[PDB]
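Protein chains in written order, with PDB author numbering: chain d, 109 to 257; chain V, 18 to 497; chain Z, 261 to 290; chain e, 1 to 9, 40 to 70; chain X, 371 to 422; chain Y, 12 to 389. All C-beta atoms, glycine included, are put in the ideal place defined by N, C-alpha and C. Single-structure report; data block below.
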């Protein structure tokens with residue numbers, strides 16, 4: 109549930125069990141180390157190895173909150189790809205997951221071509237906006253020069 | 018005795034004279050400002066406090082036989098000073114007993130009779146109006162009582178004699194300190210007792226009972242008002258919870274008492290050391306390394322002290338968690354020779370792309386990492402082992418292809434190198450963008466409106482800081 | 261950088277010149 | 001002023047500015063830096 | 371050799387001619403006062419160290 | 012004596028650290044060491060060079076006879092003739108002191124020096140003793156000897172006599188070359204080159220010209236380098252003799268960069284045979300390469316590095332990797348580029364350079380008055 113700042117401060121109370129033994133605790137901290145550098149695929153290839161009980165009710169949520177983030181990266185200005193890029197990047201040669209992200213996300217299959225629109229805003233600017241507050245700041249300059257003697 | 022016994026007459030008498038006139042001038046001048054000019058912050062209170070840290074701890078540890086500090090306990094065993102005849106008769110007792118102890122041998126306590134020689138100082142018609150005199154001249158014999166370092170059955174005498182003082186300390190807080198406000202002295206009195214009371218509860222069971230007291234002690238501080246009281250007790254309360262290797266840091270995250278607001282250049286420097294370590298463990302690296310920088314450059318005025326080498330110790334780690342590193346061993350010491358070799362050789366392996374050396378020197382110098390309390394680098398700096406080069410490349414190059422950064426980061430794969438670049442821009446390591454159309458990774462734009470729009474947002478603080486110097490100058494100007 | 265600095269430094273002279281004249285007249289009163 | 005956090009603490043005379051920038055990259059500067067010319 | 375006010379390009383093979391502002395005299399003399407302000411604060415702290 | 016004496020300290024170094032450089036240095040040093048009765052300081056060299064040879068006992072009775080010949084000379088002199096100062100006792104007892112630099116180690120020589128310095132009143136003879144300490148401290152590179160007697164020369168002596176101090180103007184900055192002051196002080200006071208007699212006080216002239224021309228192109232590039240070393244006349248005589256050094260100069264000034272590196276590689280290889288050498292060789296070449304890059308990237312704001320593939324040397328990837336190290340070094344103010352293959356630069360302006368200086372000088376003085384406001388008022 110994305111308590112990554114709460115994750116590492118939780119690890120203070122474990123003196124030496126992380127290194128010596130304790131694969132029950134060693135597996136999620138090896139998991140978080142796989143999330144560190146760039147290694148998405150080692151997470152999903154260690155999916156078929158839990159030494160503990162099934163852990164499935166957490167790791168279904170854990171990978172779902174990974175998938176939407178990479179979906180959140182591809183719902184940016186990255187305009188169009190094919191299903192084979194959704195096979196490479198996202199995963200899974202055809203299940204109904206392509207139906208899952210057709211209804212949750214957009215990604216309509218056109219003439220063997222997906223579509224993702226531009227999420228870039230217009231950036232409205234004036235850049236003389238602080239004309240009131242800059243006129244405020246100079247007032248308390250002279251207010252703190254005079255008036256307090 | 019012909020060799021050392023003939024060199025026994027020189028050590029007493031000048032410490033019987035000039036070290037005696039130290040607290041005679043201190044106790045006289047503190048009384049003089051407690052009576053008139055009741056705002057008594059500017060006196061020898063500060064310099065004696067700098068002396069009681071430095072001078073009288075190393076002026077004497079033992080009670081300095083042939084009656085230099087050995088005489089101090091039968092000297093001050095008879096202190097009334099109650100009415101004007103009881104002052105003038107004790108002023109005769111300041112004449113007679115210092116003449117006897119300067120001549121002959123008075124009642125020598127044999128290191129265990131010091132506590133009955135702390136009874137008749139509290140007894141023998143002692144006063145409540147001379148509450149600096151009771152507070153200072155009871156706490157100042159506690160440092161020979163603790164720095165005797167024998168630590169056997171005097172530890173409970175440490176425990177008794179501090180709670181003797183702290184019962185007087187709390188009762189002074191209950192009995193209404195009229196126009197003196199000993200808190201300016203009682204803050205570091207509450208520190209110096211609880212530095213070694215923390216040691217005592219390291220030599221025995223835990224010191225959460227101190228924290229339950231210190232919570233109530235921080236409560237009666239600053240509800241009255243703060244005069245260095247919130248500043249000292251907060252770093253005392255924060256240190257145990259940081260010393261405990263339990264969870265303990267989200268307790269400090271919700272600790273909303275972050276205003277000491279002035280600290281006389283000494284509490285604030287170490288306060289920024291503690292909270293810099295706290296913001297480093299919840300992975301906020303940018304705000305941590307700049308307030309760790311602020312703590313290092315604020316109070317370094319020592320001679321190779323070590324905690325300066327400890328704030329310099331943690332500062333290089335978080336900068337290796339963001340890539341840059343300066344010259345570190347350019348101020349080498351006889352003790353820094355021990356502590357330069359792991360960290361200088363650590364960033365040696367970080368700058369190069371070698372990980373086998375990085376794992377070797379972890380194995381080589383992990384036990385030195387155990388003494389420094391920094392195990393966590395191996396799990397969180399292997400992130401920046403791959404991220405240092407991509408920070409270095411994206412600062413050098415301007416519009417790079419992802420097919421070439423794979424061999425330059427020696428990753429041998431362009432398909433995941435998109436994701437490392439995606440993670441770094443997600444973390445805000447580099448501000449650059451990616452063209453996912455033909456494989457371009459271009460950097461940012463040129464030097465921006467920095468010449469035009471920014472600089473007043475630096476200028477506003479410098480106006481406000483310098484006129485407050487002008488304000489704090491003018492307000493504290495005229496005492497006569 | 262000109263008007264905030266120099267105005268502060270001149271008033272800082274008035275501190276040391278007063279803190280000298282405070283206690284050196286105090287220690288010569290007795 | 002003890003702060004209770006103390007207890008531990040051209041030979042190389044201006045070396046680390048040189049060493050942080052260039053470490054050990056064949057410093058004779060001729061065998062590759064002056065000897066590219068066999069390629070062309 | 372500063373006989374000229376210009377710049378060149380290799381990506382287009384192009385000579386470009388521009389001008390420059392001579393109005394640095396404010397900012398030049400601005401930070402030279404800081405050198406004077408650096409020396410007086412070094413003198414004051416020396417005076418304040420001499421007597422409390 | 013001590014007048015050609017610094018060639019020995021070259022052959023001590025040149026034989027020692029390159030063991031491959033060990034053919035002809037040992038051939039003309041050991042014969043030069045059995046010459047001049049050199050007996051004390053070579054036992055260290057005899058450990059690092061060839062093992063042993065018994066002419067030691069033959070020269071020990073020679074070094075004792077010349078010691079005893081002067082021993083009976085100055086003891087009879089101090090016991091019969093009683094005029095002192097800079098008298099006959101003085102120059103006989105310095106002949107002991109000259110004997111212990113020429114033959115002996117430093118220890119007997121320095122205690123004769125500090126004895127004879129406390130006897131004299133003529134400061135010219137005092138300064139000549141300080142000339143002798145400075146030379147034996149330059150032999151063994153003792154950094155604590157040289158900090159003392161240079162202060163003896165400036166303060167304690169040279170308020171009087173004149174134009175023998177120009178001998179030390181070659182020495183104060185000869186010691187700055189053996190330190191890391193290869194930047195401005197050494198180039199500043201090697202600039203007076205008019206002292207030509209290859210003396211002990213002027214140890215060599217032609218190598219002094221090569222020393223003052225190598226250090227000169229780091230102090231200044233074009234705040235008028237050309238007046239002092241190119242438009243300079245007496246410097247231009249002796250570099251008209253040496254063909255490679257003038258070629259090394261005019262490659263930099265007339266902007267021929269391909270022949271400049273061929274000269275620069277010869278200089279670095281010739282640099283290896285120096286005895287004040289330890290700060291040179293890694294630091295000199297790396298500074299001169301980024302020196303030539305700054306003026307080449309100047310006058311351009313859009314350079315393709317394919318233009319640097321042949322107008323510069325060769326090696327497209329070699330320029331690419333060396334610019335990448337220099338831009339990441341916090342220097343060489345430009346931005347290197349891929350497939351457009353156009354090195355783009357950026358520089359500050361009037362506003363951008365004057366704001367970057369005032370943002371740093373302001374914060375230094377602001378932090379300075381943080382402390383000063385809190386030293387006072389408790």
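Cβ pair residue i, residue j closer than 8 Å
i                      : j                      : result
residue 160 of chain V : residue 179 of chain V : no
residue 330 of chain Y : residue 308 of chain Y : no
residue 15 of chain V  : residue 213 of chain V : Residue 15 of chain V lies beyond the residue range present for chain V, which begins at 18 and ends at 497; the question has no answer from this structure.
residue 278 of chain Y : residue 259 of chain Y : yes
residue 282 of chain Y : residue 294 of chain Y : no
residue 298 of chain V : residue 236 of chain d : no
residue 270 of chain V : residue 121 of chain d : no
residue 338 of chain V : residue 367 of chain V : no
residue 378 of chain X : residue 311 of chain Y : yes
Bridge partner(s) assigned by DSSP for residue i
i                      : result
residue 376 of chain X : X:387
residue 408 of chain V : Its beta-bridge partners do not exist; DSSP assigns none.
residue 345 of chain Y : Y:356
residue 311 of chain Y : X:378
residue 459 of chain V : V:416 and V:450
Beta-carbon contacts of residue i that lie in its chain and below 8 Å, excluding the five residues immediately before and after
i                      : result
residue 326 of chain Y : 320
residue 203 of chain d : none
residue 333 of chain Y : 300
Cβ neighbours of residue i in the same chain (closer than 7 Å, five flanking residues each side left out)
i                      : result
residue 78 of chain V  : 161, 164 and 165
residue 249 of chain V : 204, 205, 207, 208 and 284
residue 461 of chain V : 448 and 449
residue 238 of chain V : 246, 247 and 250
residue 313 of chain Y : 353 and 355
Same chain, Cβ closer than 6 Å to residue i, five either side skipped, listed in chain order
i                      : result
residue 169 of chain Y : 176
residue 241 of chain Y : none
Do the region 78-98 of chain V and the region 31-47 of chain V make contact, defined as three or more Cβ pairs closer than 8 Å? Here the region 78-98 of chain V makes contact with the region 31-47 of chain V; the two share three or more CB pairs at distances below 8 Å.
Any contact of the region 408-418 of chain V with the region 123-132 of chain d, i.e. 3+ C-beta pairs under 8 Å? Short answer: they don't touch.
Using 8 Å as the threshold, is the region 343-355 of chain Y in touch with the region 382-389 of chain X, meaning 3 or more CB pairs across them? No, the region 343-355 of chain Y does not touch the region 382-389 of chain X.
Assess contact between the region 116-126 of chain Y and the region 85-102 of chain Y, defined as three or more Cβ pairs (one per stretch) separated by less than 8 Å. Is contact present? No, they do not touch.
Three or more C-beta pairs under 8 Å: does that hold for the region 373-386 of chain Y against the region 261-270 of chain Z? Taking a contact to require three or more Cβ pairs closer than 8 Å, the region 373-386 of chain Y and the region 261-270 of chain Z qualify as touching.
Touching or not, the region 428-445 of chain V and the region 369-378 of chain Y, by the rule of three or more beta carbon pairs under 8 Å? The region 428-445 of chain V is not in contact with the region 369-378 of chain Y.
Using a Cβ-Cβ cutoff of 8 Å, what residues of the region 288-302 of chain Y are near chain e? List them in chain order. Against chain e - using a Cβ distance shorter than 8 Å - the residues of the region 288-302 of chain Y are 289, 290, 292, 293, 294, 296 and 297.
Using a Cβ-Cβ cutoff of 7 Å, what residues of the region 436-465 of chain V are near chain d? List them in chain order. From the region 436-465 of chain V, only 436, 437, 439, 440 and 453 have a Cβ closer than 7 Å to chain d.
Any residues in the region 262-289 of chain Z with a beta carbon nearer than 8 Å to a beta carbon of chain Y? Which ones, in chain order? Flagged, chain order: 265, 268, 269, 272, 275, 276 and 279.
Taking contact to mean at least 3 C-beta pairs separated by less than 8 Å, is the region 346-353 of chain V in contact with the region 315-333 of chain V? Remark: three or more beta-carbon pairs, one from each stretch, lie closer than 8 Å, so the region 346-353 of chain V and the region 315-333 of chain V are flagged as touching.
If contact means a Cβ-Cβ distance below 9 Å, which residues of the region 146-178 of chain d contact chain V? Flagged, chain order: 146, 147, 148, 149, 177 and 178.
Chain V contacts made by the region 226-239 of chain Y, where a contact means CB separation under 9 Å: Here the close residues number zero.
Quick one: which residues of the region 404-416 of chain X get their C-beta closer than 8 Å to a C-beta of chain Z? List them in chain order. When CB distances to chain Z are screened at a threshold of 8 Å, the residues of the region 404-416 of chain X falling below it are 404, 407, 410, 411 and 414, in chain order.
Examine the Cβ distances between the region 58-66 of chain e and the region 267-276 of chain Y and report whether three or more of them are shorter than 8 Å. Yes, they touch.
What are the residues in the region 256-279 of chain V lying within 8 Å of chain d by C-beta distance? Within the region 256-279 of chain V, those residues whose Cβ lies closer than 8 Å to any Cβ of chain d are, in chain order, 262, 263, 264, 265, 266 and 267.
Against chain e, which members of the region 201-222 of chain V pass a CB distance test of less than 7 Å? From the region 201-222 of chain V, only 212 have a Cβ closer than 7 Å to chain e.
Spell out a yes or no on whether the region 304-315 of chain V and the region 332-341 of chain V are touching, meaning 3 or more CB-CB pairs, one atom from each, closer than 8 Å. The region 304-315 of chain V, when compared against the region 332-341 of chain V, does touch it at the 8 Å Cβ threshold.
Are the region 231-245 of chain V and the region 275-293 of chain V touching by the rule of at least three beta carbon pairs closer than 8 Å? Touching, per the Cβ criterion.
Would you check if there are 3 or more beta carbon pairs closer than 8 Å linking the region 90-100 of chain V to the region 116-126 of chain V? In this structure the region 90-100 of chain V lies against the region 116-126 of chain V, because at least three pairs of beta carbons, one per stretch, are closer than 8 Å.
Mind checking the region 44-63 of chain e against chain Y and listing, in chain order, the residues whose C-beta falls within less than 7 Å of any C-beta there? Across the region 44-63 of chain e, CB contacts with chain Y closer than 7 Å involve 44, 48, 51, 52, 57, 59 and 60, in sequence order along the chain.
Near-chain V residues of the region 45-58 of chain Y (beta-carbon distance less than 9 Å), N- to C-terminal order: Cβ contacts with chain V: none found.
Using a Cβ cut-off of 8 Å, which residues of the region 278-304 of chain V contact any Cβ in chain Y, in chain order? Flagged, chain order: 281 and 282.
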